[PDB]
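Each remark here refers to the structure printed beneath this line.
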Amino acid sequence: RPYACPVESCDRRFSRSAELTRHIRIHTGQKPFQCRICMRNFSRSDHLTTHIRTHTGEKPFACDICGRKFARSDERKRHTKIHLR
DNA sequence: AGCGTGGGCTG
DNA sequence: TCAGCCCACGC
Ligand SMILES: [Zn+2]
Ligand SMILES: [Zn+2]
Ligand SMILES: [Zn+2]
């Protein structure tokens, strides 16, 4: 952890500089990415991409066992486990 | 379920 | 730096 967080009201530490810069947005409240469909702003581009799928209904990740589709890979990951029990 | 959102990390 | 994943946790 060669880089720490300046805001006295926070005890965070990171390995990289790009990480401390992305983190700082938590405190500055920066939300650079806007959804053109609902106008909601997001702190991250990747979260904006998946959020947009809530409007379009796009579901790229299908369960290997039943084929049920999901907007995000982690949603599918959480689901696949139910085929055990 | 639906889905917000930060951390770790790759490229 | 940004882009874009996985991963994780929360409600
Ligand atoms: Zn901080
Ligand atoms: Zn939207
Ligand atoms: Zn399934």
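Every heavy atom of this structure was used, including side-chain atoms; hydrogens, water molecules and symmetry mates were not. All chains are named by letter (A, B, ...) in the order of the sequence lines, taking the proteins before the strands, and each is independently numbered beginning at 1.
- The side-chain contact (heavy atoms from CB on, under 4.5 Å) check on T80(A) picks up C63(A), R76(A), with sequence neighbours excluded.
- Atom-to-atom distance recorded for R68(A):CZ and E75(A):CD is 9.5 Å, nearest 0.5 angstrom.
- Judged as a salt bridge (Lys or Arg N to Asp or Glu O under 4.0 Å), the pairs with a partner in residues 45-57 of chain A (not counting sequence neighbours) are, in order, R44(A)-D46(A), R53(A)-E58(A).
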Sugar-phosphate atoms are those with a prime plus P, OP1 and OP2; base atoms are the rest. Using that split, label each nucleotide of nucleotides 6-11 of chain C B, S or - for protein heavy atoms under 4.0 Å, 5' to 3'. SSB-B-
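- Listed by chain and number, the residues in a ring pair (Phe, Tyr, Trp, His ring centres under 6.0 Å) with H47(A) amount to none (sequence neighbours excluded).
- Of the charged side-chain nitrogens involved, at least one lies within less than 4.0 Å of a carboxylate oxygen, so that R22(A) and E19(A) count as a salt-bridged pair.
- Here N41(A) pairs with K31(A), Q34(A) under the side-chain contact (heavy atoms from CB on, under 4.5 Å) rule; sequence neighbours left out.
- Grouped by direct or indirect side-chain proximity (heavy atoms under 4.5 Å, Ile/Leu/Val/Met/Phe/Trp/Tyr only), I37(A) sits with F33(A), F42(A), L48(A), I52(A).
- Legend: residues meeting side-chain contact (heavy atoms from CB on, under 4.5 Å) with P2(A), ordered by chain and number and at least two apart, are absent.
- Closest heavy-atom contact between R25(A) and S43(A): CD-O, 4.0 Å.
- If you walk DNA chain B from 5' to 3' and mark each nucleotide with an atom closer than 4.0 Å to a heavy atom of chain A, the marks span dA1(B) to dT10(B).
- Scored by the side chain to side chain donor-acceptor pair (under 3.5 Å) test, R12(A) finds no partners at all (sequence neighbours excluded).
- Heavy atoms of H23(A) sit under 4.0 angstrom from primed sugar atoms or phosphate atoms, though from no base atom.
- The minimum heavy-atom distance between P6(A) and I24(A), with the atom names listed, is CG-CD1, 4.0 Å.
- Take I82(A) and apply the side-chain contact (heavy atoms from CB on, under 4.5 Å) test, not counting sequence neighbours, and it matches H79(A).
- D11(A) contributes atom CG, which lies 9.0 Å from atom SG of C5(A) (distance to the nearest 0.5 angstrom).
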Enumerate all atom pairs, one protein N or O and one N or O from nucleotides 1-3 of chain C, separated by less than 3.5 Å.
unit_1: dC2(C); atom_1: OP1; unit_2: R25(A); atom_2: NH2; d: 3.2

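- Remark: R12(A), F14(A) in residues 3-14 of chain A come within less than 4.0 Å of DNA chain B through at least one heavy atom.
- Counting non-hydrogen atoms under 4.0 angstrom, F70(A) reaches nothing in the nucleic acid.
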